[PDB]
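Keep in mind that the numbers below use all heavy atoms, side chains included, and drop hydrogens, waters and symmetry copies. Each residue takes its place number in the sequence, starting with 1.
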Amino acid sequence: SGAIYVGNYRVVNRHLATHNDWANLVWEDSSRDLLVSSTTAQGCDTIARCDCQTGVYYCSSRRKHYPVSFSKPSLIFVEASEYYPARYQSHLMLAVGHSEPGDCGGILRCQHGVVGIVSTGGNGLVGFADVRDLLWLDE
Ligand SMILES: CN(C)C(=O)c1ccc(F)cc1Br
Ligand SMILES: [Zn+2]
């Protein structure tokens, strides 16, 4: 699990979104595994605005941050899961690293701030849902 909190926005894996998230829906994209909901408290996180392909992500199944190289956000075929059928996930970034289902919502960070959140894994790869394109998260 895990979320990004920026201004009055909460960014979560669409597949981990609660009833409060859906009751306070701002925007959801099933093909990206993202849902944003509205919050009352002000969030302290900064979204990266950049095209970094290096950063650090939190891996809850190792209680460890790992530095990774990651591919630019693209449309990648992702196999069926405990939460989805096999489909093209959009705006997805892969790196070589450890990811289990419960690692979803781990944050990937570069020097500019938050890049995205763990969304996919398996076969020694970790997939991160990019958020850097969502400029509206910052006003
Ligand atoms: C077989 N497979 C794809 C996994 O166990 C997996 C790994 C990480 C993740 F975030 C989601 C899943 Br589903
Ligand atoms: Zn960056």
Should the pair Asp45-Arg109 be classified as a salt bridge under the 4.0 Å nitrogen-to-oxygen rule?
yes
In one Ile/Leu/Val/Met/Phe/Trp/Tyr side-chain cluster, 4.5 Å: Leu16, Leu25
no
Are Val131 and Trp136 connected, step by step, through hydrophobic side chains (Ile, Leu, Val, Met, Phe, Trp, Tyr) whose heavy atoms are closer than 4.5 Å?
yes
Please check if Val12 and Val26 belong to a single hydrophobic cluster, counting links between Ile, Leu, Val, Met, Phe, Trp and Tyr side chain heavy atoms closer than 4.5 Å.
no
The reported gap from NZ in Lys64 to SG in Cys59 (rounded to nearest 0.5 angstrom) is 9.5 Å
Would you give the length of the straight line joining atom CG of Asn13 to atom CG of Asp103, rounded to the nearest 0.5 angstrom?
10.5 Å
Can you tell me if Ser90 and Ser31 form a side-chain donor-acceptor pair at under 3.5 Å?
yes
Hey, are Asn8 and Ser38 close enough side-chain-wise for a donor-acceptor pair under 3.5 Å?
no
Is any side-chain heavy atom of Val96 less than 4.5 Å from a side-chain heavy atom of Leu125?
yes
Is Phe70 linked to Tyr58 within one hydrophobic cluster, defined over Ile, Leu, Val, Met, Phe, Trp and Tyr using a side-chain heavy-atom separation of less than 4.5 Å?
no
Report the distance from atom SG of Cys50 to atom CD of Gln111, rounding to the nearest 0.5 Å.
7.0 Å
Which value, rounded to the nearest 0.5 Å, describes the distance between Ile4 atom CD1 and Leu34 atom CG?
7.5 Å
A side-chain contact here means heavy atoms from C-beta on lying under 4.5 Å apart; do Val36 and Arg10 qualify?
no
Which atom of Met93 lies closest to which atom of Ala129, heavy atoms considered:
CE-C, 4.2 Å
Run the side chain to side chain contact (heavy atoms under 4.5 Å, CB included) check on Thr46 and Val6 step by step: do they pass?
CA-CA 6 Å; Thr46 313; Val6 48; over 6 Å; no
Pairing donors with acceptors under 3.5 angstrom, does anything connect the side chains of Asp21 and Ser37?
yes
Classify the ring geometry of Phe128 against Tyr57: parallel below 30°, tilted from 30° to 60°, perpendicular beyond 60°.
perpendicular
Side-chain donor-acceptor pair present, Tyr84, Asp33, cut-off under 3.5 Å:
yes
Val68 and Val56: side chain to side chain contact (heavy atoms under 4.5 Å, CB included), yes or no, with the steps?
CA-CA 6 Å; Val68 284; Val56 176; over 6 Å; no
Between the main-chain N or O of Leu94 and the side-chain N or O of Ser71, is there a donor-acceptor pair closer than 3.5 Å?
yes
Looking at side-chain heavy atoms only, is the closest gap between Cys104 and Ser1 below 4.5 Å?
no
Evaluate the side-chain proximity of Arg49 to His112: yes if any heavy-atom separation is below 4.5 Å, no if none is.
no
In terms of hydrophobic clusters joined by side-chain contacts under 4.5 Å, are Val115 and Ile117 together?
no
Is a donor on one side and an acceptor on the other found under 3.5 Å between the side chain of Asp130 and the backbone of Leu92?
no
What heavy-atom pair brings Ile107 and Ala3 nearest, and what distance separates the two atoms?
CD1-O, 3.6 Å
Name the residue from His15, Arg14, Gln89, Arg32 that meets the side-chain hydrogen bond (donor to acceptor under 3.5 Å, both in side chains) definition with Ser119.
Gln89
Within a strict 4.5 Å, meaning less than it, do heavy atoms of the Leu35 and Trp22 side chains meet?
yes
Are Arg132 and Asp51 within salt-bridge range, i.e. N to O under 4.0 Å?
no
First locate atom CD of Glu28, then atom OG of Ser30, and finally report the distance between them rounded to the nearest 0.5 Å.
7.0 Å
I'd like to check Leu137 versus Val11 (side-chain heavy atoms, cut-off strictly below 4.5 Å). Are they in contact?
yes
If I take atom OG1 from residue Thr120 and atom CD1 from residue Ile76, how far apart are they, to the nearest 0.5 angstrom?
7.5 Å
Kindly say whether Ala41 contributes a backbone atom to a donor-acceptor pair with the side chain of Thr39 at under 3.5 angstrom?
yes
